[PDB]
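Before any questions on how it binds or moves, here is one chain, the form deposited in one PDB entry, in structure tokens.
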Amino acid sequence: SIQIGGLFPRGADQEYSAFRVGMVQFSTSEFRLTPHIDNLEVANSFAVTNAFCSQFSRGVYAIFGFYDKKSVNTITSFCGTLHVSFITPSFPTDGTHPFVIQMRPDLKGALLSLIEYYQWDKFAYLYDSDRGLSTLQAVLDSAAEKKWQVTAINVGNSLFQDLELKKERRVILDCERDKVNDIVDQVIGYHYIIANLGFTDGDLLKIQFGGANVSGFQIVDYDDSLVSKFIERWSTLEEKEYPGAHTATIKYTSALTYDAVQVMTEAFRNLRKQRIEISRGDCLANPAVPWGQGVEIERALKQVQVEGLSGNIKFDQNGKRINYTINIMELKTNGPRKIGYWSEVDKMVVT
């Protein structure tokens, strides 16, 4: 039996419900996988460091959890130095970082490919200082290369009247989801690209847009067997018992949490089937002495290949998803429909 850490945000209730359900689903008695949970403000490096350090101390073999742009270095540095694997649905780092298994697909290439698909050369880009500027750099770099006229307004700590005089007809929205609703209002013909992986995840449809065109992305495909099968269970769980459950949908970060559980579990079955044993903690020890079996755990995690709610799951040697599909979505009067996909080799594809 294998003890692991869990680092959840305090408001992340659906995702912890998806984690609990995954633990039951992906177990067999051949080893107990046993979670140690901490809840915390993931923006706070001091808190995250403490939590990582409590976990290392007890003897976690891997850690599931979260981070934001203020805590990403705490995690990647501590895990990298001490050789503890971290599996997460949080935003993926630009660079390579050993011991980090990124469940979340990169959105940039699909975003960029979609802009080229619609043949947009003028467009406004509304973005969010709270979430990080990683994607804004990619689009500004591509705009300089491809002589796009990108008008880039921060809406994350009116902008209405500046839109009119500059007069940008297309709009890309790379903001927190709560803000998306507010911004459509100011403007009430236009075109919207929602820059995230769960286009249908909360408010949408009758947001409303006044009959504008809306495009977006979905990593969770409710036409898949595994996903519709999963939702049949999820949709009938007791909500008092599983908060954020008993719904027709699941947020993408919650789906990646449940997928995480499968990857961790398969990595440890691989080590048993290959007869690689793992046994047996001070953050501030000097010099740093990484635990010796950590390399084997990392190698098993990146060698996992399974299907789950977010489609085919496979990692390269730096822990990034490869061979994924992102479905391209438009909002039809009927409903959110799939007009195609961006696949990890084939780029944008119609039908």
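Heads up, when I say rigid core I mean the largest set of C-alphas that superpose within 1.5 Å between the two forms. Quick note: we count residues from 1 along the sequence shown, nothing fancier.
The following text describes the form deposited in another entry, which does not appear among the structures shown.
Superposing the two forms on their core leaves just one of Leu107, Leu82, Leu204, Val227 with a Cα displacement of at least 2 Å between this form and the one not shown, namely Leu204. Comparing the forms between this form and the one not shown on their rigid core, the Cα displacement of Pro243 stays under 2 Å. Comparing the forms between this form and the one not shown, the C-alpha position of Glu116 differs by less than 2 angstroms, with the core used for superposition.
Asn73 is not among the residues whose C-alpha shifts by 2 Å or more between this form and the one not shown once the rigid core is aligned; its shift stays under 2 Å.
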